[PDB]
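In what follows, a structure is listed as structure tokens, so that the remarks can point back to it.
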Amino acid sequence: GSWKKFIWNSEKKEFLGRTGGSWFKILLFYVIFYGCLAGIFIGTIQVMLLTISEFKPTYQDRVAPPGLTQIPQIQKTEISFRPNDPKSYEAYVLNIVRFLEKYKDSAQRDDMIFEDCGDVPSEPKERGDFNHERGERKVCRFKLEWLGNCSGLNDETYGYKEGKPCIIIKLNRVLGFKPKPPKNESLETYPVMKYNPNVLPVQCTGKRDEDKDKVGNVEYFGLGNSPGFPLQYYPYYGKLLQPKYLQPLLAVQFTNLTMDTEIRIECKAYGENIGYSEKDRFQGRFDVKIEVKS
Amino acid sequence: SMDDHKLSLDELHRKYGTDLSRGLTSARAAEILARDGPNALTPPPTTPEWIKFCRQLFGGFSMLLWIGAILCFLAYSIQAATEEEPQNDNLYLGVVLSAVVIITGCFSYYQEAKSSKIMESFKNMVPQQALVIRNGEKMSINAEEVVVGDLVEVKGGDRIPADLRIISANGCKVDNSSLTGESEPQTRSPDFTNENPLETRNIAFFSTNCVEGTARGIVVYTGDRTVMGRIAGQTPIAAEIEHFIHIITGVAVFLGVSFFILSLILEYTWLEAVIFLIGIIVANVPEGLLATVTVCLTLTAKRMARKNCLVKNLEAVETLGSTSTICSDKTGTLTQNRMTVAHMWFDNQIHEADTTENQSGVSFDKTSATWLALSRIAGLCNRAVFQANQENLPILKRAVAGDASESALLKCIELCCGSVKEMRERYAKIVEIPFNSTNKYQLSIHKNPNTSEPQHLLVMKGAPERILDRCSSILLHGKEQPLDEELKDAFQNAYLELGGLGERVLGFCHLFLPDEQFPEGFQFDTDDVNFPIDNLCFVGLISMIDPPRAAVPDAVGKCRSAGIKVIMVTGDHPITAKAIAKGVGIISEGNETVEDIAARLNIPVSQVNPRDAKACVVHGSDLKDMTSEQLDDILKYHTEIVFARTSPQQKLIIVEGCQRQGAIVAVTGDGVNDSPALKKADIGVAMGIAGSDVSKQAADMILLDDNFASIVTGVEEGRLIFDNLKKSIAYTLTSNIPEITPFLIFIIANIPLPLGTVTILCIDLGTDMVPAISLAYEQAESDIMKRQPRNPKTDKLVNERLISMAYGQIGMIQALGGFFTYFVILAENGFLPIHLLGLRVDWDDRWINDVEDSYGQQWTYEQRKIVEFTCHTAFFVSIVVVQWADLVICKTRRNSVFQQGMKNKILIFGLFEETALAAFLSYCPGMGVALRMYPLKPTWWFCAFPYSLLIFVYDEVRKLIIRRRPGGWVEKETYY
Amino acid sequence: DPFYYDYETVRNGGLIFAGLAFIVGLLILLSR
Ligand SMILES: CCCCCCCCCCCCCCCCCC(=O)OC[C@H](COP(=O)([O-])OCC[N+](C)(C)C)OC(=O)CCCCCCCCCCCCCCCCC
Ligand SMILES: CCCCCCCCCCCCCCCCCC(=O)OC[C@H](COP(=O)([O-])OCC[N+](C)(C)C)OC(=O)CCCCCCCCCCCCCCCCC
Ligand SMILES: CC(C)CCC[C@H](C)[C@H]1CC[C@H]2[C@H]3CC=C4C[C@@H](OC(=O)CCC(=O)O)CC[C@@]4(C)[C@@H]3CC[C@@]12C
Ligand SMILES: CC(C)CCC[C@H](C)[C@H]1CC[C@H]2[C@H]3CC=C4C[C@@H](OC(=O)CCC(=O)O)CC[C@@]4(C)[C@@H]3CC[C@@]12C
Ligand SMILES: CC(C)CCC[C@H](C)[C@H]1CC[C@H]2[C@H]3CC=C4C[C@@H](OC(=O)CCC(=O)O)CC[C@@]4(C)[C@@H]3CC[C@@]12C
Ligand SMILES: CC(C)CCC[C@H](C)[C@H]1CC[C@H]2[C@H]3CC=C4C[C@@H](OC(=O)CCC(=O)O)CC[C@@]4(C)[C@@H]3CC[C@@]12C
Ligand SMILES: CC(C)CCC[C@H](C)[C@H]1CC[C@H]2[C@H]3CC=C4C[C@@H](OC(=O)CCC(=O)O)CC[C@@]4(C)[C@@H]3CC[C@@]12C
Ligand SMILES: CC(C)CCC[C@H](C)[C@H]1CC[C@H]2[C@H]3CC=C4C[C@@H](OC(=O)CCC(=O)O)CC[C@]4(C)[C@@H]3CC[C@@]12C
Ligand SMILES: Nc1ncnc2c1ncn2[C@@H]1O[C@H](COP(=O)(O)OP(=O)(O)OP(O)(O)=S)[C@@H](O)[C@H]1O
Ligand SMILES: *[C@@H]1O[C@H](CO)[C@@H](O[C@@H]2O[C@H](CO)[C@@H](O)[C@H](O)[C@H]2NC(C)=O)[C@H](O)[C@H]1NC(C)=O
Ligand SMILES: *[C@@H]1O[C@H](CO)[C@@H](O)[C@H](O)[C@H]1NC(C)=O
Ligand SMILES: [Mg+2]
Ligand code: NA
Ligand code: NA
Ligand code: NA
Ligand code: NA
């Protein structure tokens, strides 16, 4: 090839066609150039961060109706297990136990942070304003005993050992959001359940028509007797003003599932604020497929 | 078939429409033009337009997007067959990949058709002309309208218009290299040689030339019926572009395969990886830089032909711009070629110009025998006559047949001393010798009407220093006084102060052939040289002015500024040539030859060192006695060289000598024997008005107005294309860093992906389709004729400086301008910049529908993908905004845009097209489900304005440093 | 309402700007 000419000379001392005092300047230029570019980039980022608040986002319309999720964090909306096989349902129980750590009664004893809101559903509690004039805001404390037959004060496999499994439903946190339950015209929503003016109602039914004959009985567990989310929480003040906030939960158990069939179940939440989508199959709603092998 | 050469002239009456004299008929011309077709020729059939369209639509690099669209439709068909909820998002990808090739195929076809329409329009610009002898009288016609049974005349240098049959020939020798291949001139005559019309002295053929002589002949075969009518690429600047595209293709294919095998590691579901591969390789290769060359070359030729400079192939355009030496003739090119008579000399007296429109003015018409004798020489040596239809004007306005230098003194001896038809009345005619540039003579023998001098007299004119040795004994006061050395001193001083004014001079003499030997009845012959051509009777000199063309002294200055050597090659005396060269400015004011510096020091000439003289005047007889090493050292030390008394055969030696010193030579020629010099120089320039056909068959370009300034404007137009190509190459390469670096930061820093495949295709489609072609219409700069000629073996199109400017500097600011907008949108929706580091795995998990942001809110998967696709949309918009400033800074190279202007309108249409496409692709309804492009807030459109302004400010200040300090460090490292 | 942001006004403005910036480019190109 072209050896010993375009690599090194030592009759002009030109490595790669450039002398050593010329290699220094062309590298000093690029070091200074990329230094000033990094400086201008950091400076524009820093200036843009001054227009950003630290209590409220600038735009909230892309989380505007929240999602609705279920706590055994599963992989394709599928739950499948054998009750007489303690290695099939172990990951589900581990997920539920790791989620319900902060909801324990021994983790809510700090009375200067937590407070004792009522044991019946009530109106939303305005903690003030997003202006840092009162420091940290107190949080209502959620008792685990309201999730009875679904909490860890009993069967610690949460029903998975004895057939009938149970999920825990929660609504996604949106900063400043107060959910509006539907009105009471007795014609408005579907089909019929117990109505409460301070409860956002949730209902879990079968998806297809052969699933309504196989899902069996469905039990709900929450605060009170009307199934849904209580309203003396909301609207949440953000994790700067309210660390250790506890969102309300709702447990759902399926006591009479049909064996050896895959059952599709749809859970929907109703309200004026709550809206649904056709591409987002997790907005205001979700679905799960349960298959109890025997 | 048998041609009518065996049958004689009686059967030529009885084979065609009864004409062998006085023309055929002007009315029968339309009859035969109605009976048969025009005298045309088309052997290429056609290739149709649809196959040329399909070559563009399915060609190179556009079949990748066709197979990508096929794979998208295939994946959609498998999803729609075998599953419920078909979710047609692989159909919209297929129609996007279809629309992109349809748009780029239509655009490249439109560019190729617009270039071909200009290129097949340089026909019918200098059409052929044939000399027929129609009923009327010797007219020239469009030469596709020659009919059978017509009678044409062909002189020396003309191309034969159709297949002939020679009737009356005066020494035609033709060159039958069209069908034999031999380049030897073979004679033609109405005599018979062979019983075959291919090897006879008879009939001549289509597409040949009489290189000498003059012959009249009848037409037998026209059109696609003749003997030769029946049986019958890659510009060196396009080769560099299509070699550079190979290396960019290699780098793009490597980057595409290396990104493809990393997309599958991050679980991209094979179709997305393949479409990403195809998008990277298509966006990183500048295929549309190949049509730009064809747009840049062809349009340049269209600018040249409107400046009277007509190229014949596209390879001549790009070699005109690198010219280093122009070897030009003088009469007709540097001067106007309209001679007038001034400052005669006889009886040791320089007379006055005789220009008044009143007779017996200041000083003329002292009627001795001398003036009537010299007028007899001026009238009886001429073959030029006044044309017809001219008894309406008197002297200054008539049209004269023949050359200019004979018509000029015809226009002088009509003012005084009677008429010239009176002189044809008086004296007789026997024989003549026509002037050629190898003898410099013109002599003619004539019979006196009277017996006052009963001896028969011959008249002679020519070049004065070549006449005087023959025509010796000066007739001073009607006498026969012999020569003295002071008589030749008076002659030399007279020629000195006649050539000092820049005047052309001729010399005149006569002999009186005495009838002591041959009586009054005695026939005479010439090429039998039986008459004395030595010791004749000299009379005196007549000079003519020749005014220079009005645009020449600015053109010589523009050649001097641009570093172009100009060599004057004349056939005149070294006095007149030196005076004309000092007049127009070839020999500059400040350079001197050896002779004037020897005369100003009063020292003899064989003592001065020839290295303080920058100028030179080389006699033509000394050029024969120069060896090949004695020639190029005159082409090396002197800057201003003038060759005088140079025969047109000696031009080839000068061309080869200039080429042996490493130059690109442009050479002007207009004769039959100028053709060896024309197809040896790098640019042959023929003349269009006073030009032969053999000259404009052998030249690379034609001067439509015979002007030296038009060659210099052709050099400017050839110099423009390298700037205009470099600017377009520098613009197309800057959009590769923003199309590559998002995936690298996505895989290194683990942030959500800032730019996707569809928006890469949109970026490339808009911002590299129209504004890349707009930079070929850019005008010139203020200093294009202020730089050295490029050396087309050392200066390439693509440097190291160009690559480091396009990739290393402008592309990085263009990438940062989009990354800033990305962080702005994600910070305003709720994800601050430090939170984004390491979020890629949870963000792209389809079954995690509560992802916590900086404020504590929880996000569904399709809720956060809409924010990511808004970020993709604004990346595309910010790239458009910085490409505005890139296109504005790329239009100059060292001038600023404040002293250049915004007169390019294709560029402004490209800017508006960019902005309109970016606004429509974002704000149209239905774009969210097809392209997945979402609307932007109005305040997010101004996020890339600081980086556009930074590009503009930096690239203005760098050009100011280049202009203020030439040869500095910045011009070494940043001048591409 | 901090959760609405009507996009129809900016869409109308963007399409008006697209039509304007297209016809002005058409009048600049065909000005010859
Ligand atoms: C997978 C990782 C991807 C890495 C990032 C991608 C960037 C790489 C793209 C650059 C390659 C393109 C160069 C093509 C060369 C064309 C060949 C040619 O004809 O040139 C003739 C010329 C011939 O040279 P010459 O004729 O012009 O003059 C003499 C030059 N010498 C003395 C060197 C011979 O060769 C060159 O172009 C030399 C190239 C020098 C390198 C130029 C600087 C490039 C800097 C780009 C890196 C900046 C960062 C990139 C992004 C990273 C950020 C994450
Ligand atoms: C905020 C942006 C707006 C402002 C943008 C500023 C743009 C300016 C960029 C180009 C200017 C570069 C300055 C070079 C000056 C040296 C030239 C000179 O004086 O010649 C003689 C001197 C002396 O060398 P020399 O001319 O004699 O060359 C040597 C040749 N012999 C040996 C034969 C004599 O030139 C140099 O040596 C300078 C070399 C160092 C190169 C520059 C050092 C780093 C500074 C460059 C940073 C550029 C800032 C970019 C930031 C913009 C961010 C986008
Ligand atoms: C791109 C070139 C031409 C100029 C560089 C522009 C920026 C200056 C680049 C350089 C390196 C980047 C970042 C890479 C490393 C991080 C670690 C970061 O420290 C952290 O807080 C992360 C770890 C933690 O504390 O949790 C502070 C600096 C920072 C943001 C850097 C800030 C500047 C970045 C964006
Ligand atoms: C031309 C290409 C190579 C650049 C595109 C990649 C980005 C420039 C990368 C480089 C490092 C990244 C980031 C790494 C972390 C820093 C921290 C950040 O710090 C702050 O501004 C706030 C810190 C504070 O206020 O405490 C400055 C910029 C930033 C986001 C960097 C911004 C640019 C990122 C996304
Ligand atoms: C295109 C060229 C310029 C390369 C990109 C330039 C950036 C400056 C590069 C250099 C190394 C990159 C990153 C590699 C190491 C990380 C660790 C990171 O530390 C963390 O806290 C990350 C936390 C986590 O990942 O979980 C801070 C700096 C950062 C983002 C770096 C920021 C700058 C990156 C993107
Ligand atoms: C502005 C100069 C530096 C560029 C010259 C050519 C551009 C075509 C100019 C003409 C007017 C300029 C802009 C003026 C403001 C509008 C706002 C933008 O629309 C919005 O304001 C968002 C909300 C809405 O459209 O209703 C549409 C494009 C844009 C940036 C224009 C795009 C084209 C600009 C950059
Ligand atoms: C050019 C360099 C050397 C100096 C940088 C000066 C720039 C003009 C600065 C000043 C304020 C900066 C930015 C601050 C915020 C961004 C995003 C956006 O601002 C908002 O997000 C406010 C929206 C809202 O809160 O309603 C529009 C303006 C922009 C692009 C600004 C563009 C100009 C920046 C980069
Ligand atoms: C976001 C911005 C930084 C990108 C585009 C900035 C351009 C550099 C702007 C600045 C002002 C604009 C132009 C406004 C009109 C004039 C016409 C022209 O005025 C003349 O005197 C030309 C006279 C001639 O024909 O010779 C000089 C350049 C030009 C300034 C400007 C060229 C550069 C423009 C397009
Ligand atoms: N028709 C003519 N009869 C007698 N002498 C002539 C004639 N024409 C030209 N000459 C002289 O002979 C010289 C040689 O002829 P040319 O080659 O034509 O020179 P030129 O025309 O002056 O210069 P160029 O640029 O080569 S055309 C001329 O320069 C005249 O001095
Ligand atoms: C919660 O679980 C308890 C046992 O863990 C259920 O109590 C038993 O329910 C069965 C149902 O027929 C009765 O026969 C038993 O007598 C009950 N035992 C006790 C100790 O109460 C209880 O029904 C469950 N609650 C539900 C399903 O709402
Ligand atoms: C489950 O038990 C209930 C008893 O109330 C019965 O009505 C229902 O049909 C049972 N479902 C199945 C699937 O056996
Ligand atoms: Mg001539
Ligand atoms: Na391309
Ligand atoms: Na040639
Ligand atoms: Na570009
Ligand atoms: Na590209």
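As shown in the structure tokens, the chain order sets the letters A, B, ...; within each chain, residues go from 1, and ligands are also counted from 1 in the order they appear.
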Could you list, as a PyMOL selection string, all residues that come within 9 Å of ligand 5? Count only C-alpha atoms and all ligand atoms.
(chain A and resi 38) or (chain B and resi 741-742+744-751+812+834-839)
With a distance cut-off of 8 Å and only C-alpha atoms, select the neighbouring residues of segment 169-176 of chain B, excluding the residue or stretch itself and same-chain residues fewer than 4 positions from it, and output the selection as a CSV table (one decimal) with N, CA, C and O atoms, in the first residue's frame.
```
chain,number,residue,atom,x,y,z
B,155,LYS,N,-16.9,26.1,-51.7
B,155,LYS,CA,-15.6,26.7,-51.7
B,155,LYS,C,-14.7,25.9,-50.7
B,155,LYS,O,-15.1,24.9,-50.3
B,156,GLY,N,-13.6,26.5,-50.5
B,156,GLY,CA,-12.7,25.8,-49.5
B,156,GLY,C,-13.2,26.0,-48.1
B,156,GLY,O,-13.5,27.1,-47.7
B,180,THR,N,-14.0,6.5,-45.9
B,180,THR,CA,-12.8,5.7,-46.1
B,180,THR,C,-11.9,5.6,-44.9
B,180,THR,O,-11.5,4.5,-44.5
B,181,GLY,N,-11.7,6.7,-44.2
B,181,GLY,CA,-10.8,6.8,-43.0
B,181,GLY,C,-9.5,7.4,-43.4
B,181,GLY,O,-8.8,7.9,-42.5
B,182,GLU,N,-9.1,7.5,-44.6
B,182,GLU,CA,-7.9,8.2,-45.0
B,182,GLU,C,-8.1,9.7,-45.0
B,182,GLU,O,-9.1,10.2,-45.5
B,183,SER,N,-7.2,10.4,-44.3
B,183,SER,CA,-7.2,11.8,-44.2
B,183,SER,C,-6.3,12.5,-45.2
B,183,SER,O,-5.6,13.5,-44.9
B,184,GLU,N,-6.2,11.9,-46.5
B,184,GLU,CA,-5.4,12.6,-47.5
B,184,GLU,C,-6.3,13.3,-48.5
B,184,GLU,O,-7.3,12.8,-48.9
B,185,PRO,N,-6.0,14.6,-48.8
B,185,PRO,CA,-6.8,15.4,-49.7
B,185,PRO,C,-6.7,14.8,-51.1
B,185,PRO,O,-5.7,14.9,-51.7
B,186,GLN,N,-7.8,14.3,-51.7
B,186,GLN,CA,-7.9,13.7,-53.0
B,186,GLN,C,-8.7,14.7,-53.9
B,186,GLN,O,-9.7,15.2,-53.6
B,187,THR,N,-8.2,14.8,-55.2
B,187,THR,CA,-8.7,15.8,-56.1
B,187,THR,C,-10.1,15.4,-56.6
B,187,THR,O,-10.4,14.2,-56.7
B,188,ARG,N,-10.8,16.4,-57.0
B,188,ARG,CA,-12.2,16.2,-57.6
B,188,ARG,C,-12.2,17.0,-58.9
B,188,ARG,O,-11.7,18.0,-59.0
B,189,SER,N,-12.9,16.4,-59.9
B,189,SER,CA,-13.0,17.0,-61.2
B,189,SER,C,-14.2,16.4,-62.0
B,189,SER,O,-14.7,15.3,-61.6
B,190,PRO,N,-14.7,17.0,-63.0
B,190,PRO,CA,-15.6,16.4,-63.9
B,190,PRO,C,-15.0,15.3,-64.8
B,190,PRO,O,-15.7,14.8,-65.7
B,208,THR,N,-18.8,15.7,-46.1
B,208,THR,CA,-17.4,15.8,-46.4
B,208,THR,C,-17.1,17.3,-46.6
B,208,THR,O,-18.0,18.1,-46.5
B,209,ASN,N,-15.8,17.7,-46.8
B,209,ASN,CA,-15.4,19.1,-47.0
B,209,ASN,C,-14.4,19.2,-48.1
B,209,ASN,O,-13.5,18.4,-48.2
B,210,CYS,N,-14.6,20.2,-49.0
B,210,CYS,CA,-13.5,20.7,-49.8
B,210,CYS,C,-12.6,21.5,-49.0
B,210,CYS,O,-12.9,22.6,-48.5
B,211,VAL,N,-11.4,21.0,-48.7
B,211,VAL,CA,-10.4,21.7,-47.9
B,211,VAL,C,-9.7,22.8,-48.7
B,211,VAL,O,-9.0,23.6,-48.1
B,212,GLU,N,-9.9,22.9,-50.0
B,212,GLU,CA,-9.3,23.9,-50.8
B,212,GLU,C,-10.1,24.0,-52.1
B,212,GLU,O,-10.9,23.0,-52.4
B,213,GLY,N,-9.9,25.0,-52.9
B,213,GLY,CA,-10.5,25.1,-54.2
B,213,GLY,C,-12.0,25.5,-54.2
B,213,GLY,O,-12.6,25.8,-53.1
B,214,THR,N,-12.6,25.5,-55.3
B,214,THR,CA,-14.0,25.9,-55.4
B,214,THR,C,-14.7,25.2,-56.6
B,214,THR,O,-14.2,25.3,-57.7
B,215,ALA,N,-15.8,24.5,-56.3
B,215,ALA,CA,-16.4,23.6,-57.3
B,215,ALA,C,-17.9,23.7,-57.3
B,215,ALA,O,-18.5,23.8,-56.2
B,216,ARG,N,-18.5,23.7,-58.5
B,216,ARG,CA,-19.9,23.7,-58.7
B,216,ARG,C,-20.4,22.3,-59.1
B,216,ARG,O,-19.7,21.7,-59.9
```
Grab me every residue within 6 Å of ligand 6, counting only C-alpha atoms and all ligand atoms, and send it over as a PDB file with C-alpha atoms, in the first residue's frame.
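In the end it all went to part_27.pdb:
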```pdb
ATOM      1  CA  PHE B 912     -41.381  28.656   2.512  1.00  0.00           C
ATOM      2  CA  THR B 915     -42.019  25.837   6.858  1.00  0.00           C
ATOM      3  CA  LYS B 937     -47.975  24.770  21.569  1.00  0.00           C
ATOM      4  CA  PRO B 938     -47.130  28.118  19.924  1.00  0.00           C
ATOM      5  CA  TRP B 941     -41.831  26.923  18.017  1.00  0.00           C
TER       6      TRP B 941
ATOM      7  CA  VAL C  10     -53.955  26.582  17.467  1.00  0.00           C
ATOM      8  CA  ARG C  11     -54.958  24.115  14.736  1.00  0.00           C
ATOM      9  CA  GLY C  13     -54.054  29.240  13.264  1.00  0.00           C
ATOM     10  CA  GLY C  14     -51.551  26.665  12.046  1.00  0.00           C
ATOM     11  CA  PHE C  17     -50.336  29.911   8.380  1.00  0.00           C
TER      12      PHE C  17
END
```
Surrounding residues of residue 29 of chain C excluding itself and chain neighbours under 6 positions, 8 Å, only C-alpha atoms, as number ranges by chain:
B: 905-906, 909
Can you pull out every residue from chain C that DSSP, working from the backbone, puts in helix (DSSP H, G or I), and format the result as a PyMOL selection string?
chain C and resi 8-29
Serialized selection, N, CA and C atoms, as a compact mmCIF listing (two decimals), in the first residue's frame:
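Saved result, part13.txt, follows:
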```txt
# COMPACT_ATOMS: atom_id res chain seq x y z
N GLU C 8 -58.12 23.37 19.12
CA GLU C 8 -58.72 23.75 17.85
C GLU C 8 -58.31 25.15 17.43
N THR C 9 -58.05 26.04 18.38
CA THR C 9 -57.63 27.39 18.04
C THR C 9 -56.24 27.40 17.42
N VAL C 10 -55.30 26.65 18.02
CA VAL C 10 -53.96 26.58 17.47
C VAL C 10 -53.94 25.79 16.17
N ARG C 11 -54.86 24.83 16.00
CA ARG C 11 -54.96 24.11 14.74
C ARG C 11 -55.46 25.02 13.62
N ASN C 12 -56.47 25.85 13.92
CA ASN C 12 -56.96 26.82 12.94
C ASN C 12 -55.89 27.82 12.57
N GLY C 13 -55.14 28.32 13.56
CA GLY C 13 -54.05 29.24 13.26
C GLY C 13 -52.93 28.60 12.47
N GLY C 14 -52.61 27.34 12.77
CA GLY C 14 -51.55 26.66 12.05
C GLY C 14 -51.92 26.37 10.61
N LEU C 15 -53.18 26.03 10.36
CA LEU C 15 -53.60 25.77 8.98
C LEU C 15 -53.73 27.06 8.18
N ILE C 16 -54.13 28.16 8.83
CA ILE C 16 -54.12 29.47 8.16
C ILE C 16 -52.69 29.85 7.78
N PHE C 17 -51.73 29.62 8.68
CA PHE C 17 -50.34 29.91 8.38
C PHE C 17 -49.78 29.00 7.30
N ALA C 18 -50.21 27.74 7.25
CA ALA C 18 -49.75 26.84 6.20
C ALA C 18 -50.26 27.25 4.83
N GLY C 19 -51.54 27.63 4.74
CA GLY C 19 -52.07 28.12 3.47
C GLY C 19 -51.41 29.41 3.01
N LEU C 20 -51.15 30.32 3.96
CA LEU C 20 -50.49 31.58 3.62
C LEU C 20 -49.05 31.35 3.17
N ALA C 21 -48.28 30.56 3.93
CA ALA C 21 -46.89 30.30 3.59
C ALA C 21 -46.73 29.41 2.36
N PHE C 22 -47.79 28.72 1.94
CA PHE C 22 -47.75 28.03 0.66
C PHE C 22 -48.05 28.95 -0.51
N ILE C 23 -49.07 29.83 -0.39
CA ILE C 23 -49.40 30.66 -1.54
C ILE C 23 -48.36 31.77 -1.75
N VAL C 24 -47.70 32.24 -0.68
CA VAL C 24 -46.67 33.25 -0.87
C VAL C 24 -45.43 32.65 -1.53
N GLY C 25 -45.11 31.40 -1.21
CA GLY C 25 -44.04 30.72 -1.94
C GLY C 25 -44.40 30.47 -3.39
N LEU C 26 -45.68 30.17 -3.66
CA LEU C 26 -46.14 30.02 -5.03
C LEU C 26 -46.04 31.32 -5.81
N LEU C 27 -46.31 32.45 -5.15
CA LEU C 27 -46.20 33.73 -5.83
C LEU C 27 -44.76 34.20 -5.96
N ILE C 28 -43.86 33.72 -5.10
CA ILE C 28 -42.45 34.07 -5.24
C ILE C 28 -41.80 33.24 -6.34
N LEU C 29 -42.17 31.96 -6.45
CA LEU C 29 -41.59 31.10 -7.48
C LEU C 29 -42.07 31.50 -8.87
```
At a cut-off of 8 Å and counting only C-alpha atoms and all ligand atoms, what residues surround ligand 12? Please answer as a PyMOL selection string.
chain B and resi 329+331-332+670-671
Show me which bits of chain B are within 8 Å of chain A, counting only C-alpha atoms, as a PyMOL selection string.
chain B and resi 813+816+820+823-824+827-830+847+849-850+855-864+866-867
Test item: residues lying within 10 Å of ligand 9 with only C-alpha atoms and all ligand atoms, as a PyMOL selection string:
chain B and resi 328-335+337+381-384+402-407+433-443+460-467+504-508+568-573+576-577+644-648+668-671
All residues 12 Å or closer to segment 100-104 of chain A, only C-alpha atoms, same chain fewer than 4 positions away omitted, as a ChimeraX atom specification
/A:71-72,93-96,108-109,114,140-147,150-153,156,158,168,244-249
Which chain A residues have any atom within 9 Å of an atom of ligand 10, and for each, what is the nearest pair of atoms with distance in Å to one decimal, counting only C-alpha atoms and all ligand atoms, rows sorted by chain and number, as JSON lines?
```
{"residue": "A:148", "atom": "CA", "partner": "ligand 10", "partner_atom_place_in_ligand_line": "1 (C)", "distance": 7.1}
{"residue": "A:149", "atom": "CA", "partner": "ligand 10", "partner_atom_place_in_ligand_line": "1 (C)", "distance": 4.9}
{"residue": "A:150", "atom": "CA", "partner": "ligand 10", "partner_atom_place_in_ligand_line": "1 (C)", "distance": 8.5}
{"residue": "A:154", "atom": "CA", "partner": "ligand 10", "partner_atom_place_in_ligand_line": "5 (O)", "distance": 7.5}
{"residue": "A:155", "atom": "CA", "partner": "ligand 10", "partner_atom_place_in_ligand_line": "5 (O)", "distance": 7.6}
{"residue": "A:219", "atom": "CA", "partner": "ligand 10", "partner_atom_place_in_ligand_line": "28 (O)", "distance": 6.5}
{"residue": "A:220", "atom": "CA", "partner": "ligand 10", "partner_atom_place_in_ligand_line": "28 (O)", "distance": 8.0}
{"residue": "A:221", "atom": "CA", "partner": "ligand 10", "partner_atom_place_in_ligand_line": "28 (O)", "distance": 8.2}
{"residue": "A:253", "atom": "CA", "partner": "ligand 10", "partner_atom_place_in_ligand_line": "27 (C)", "distance": 8.4}
{"residue": "A:255", "atom": "CA", "partner": "ligand 10", "partner_atom_place_in_ligand_line": "27 (C)", "distance": 7.4}
```
Test item: residues no farther than 8 Å from ligand 1, counting only C-alpha atoms and all ligand atoms, as JSON, numbers by chain:
{"A": [6, 16, 17, 18], "B": [244, 247, 248, 251, 254, 255, 258, 259, 736, 737, 740, 741, 744, 745, 795, 796, 798, 799, 800, 801, 802, 803, 804, 805, 807, 808, 812]}
Quick one: residues within 9 Å of residue 283 of chain B, only C-alpha atoms counted, chain neighbours fewer than 5 positions away excluded, as a ChimeraX atom specification?
/B:252,278,735-736,739,760-761,763-765
Please produce, as CSV, a per-residue contact table for chain C versus chain A (criterion: any atom at most 12 Å away, only C-alpha atoms considered), showing the nearest atom pair and its distance in Å to one decimal, sorted by chain then residue number.
```
residue,atom,partner,partner_atom,distance
C:1,CA,A:61,CA,10.0
C:2,CA,A:60,CA,6.6
C:3,CA,A:61,CA,4.7
C:4,CA,A:61,CA,5.9
C:5,CA,A:61,CA,6.7
C:6,CA,A:61,CA,9.7
C:7,CA,A:61,CA,10.8
```
If we count only C-alpha atoms, what is near residue 209 of chain A at a cut-off of 12 Å, once residues fewer than 3 positions away on the same chain are taken out, given as a PyMOL selection string?
chain A and resi 205-206+212-215+263-265
Within 6 Å of ligand 15 (only C-alpha atoms and all ligand atoms), residues as a count of residues only:
5
Neighbourhood of ligand 13 at 10 Å, counting only C-alpha atoms and all ligand atoms, reported as a PyMOL selection string:
chain B and resi 61-62+104+279-289+732+761+764-765+768-769
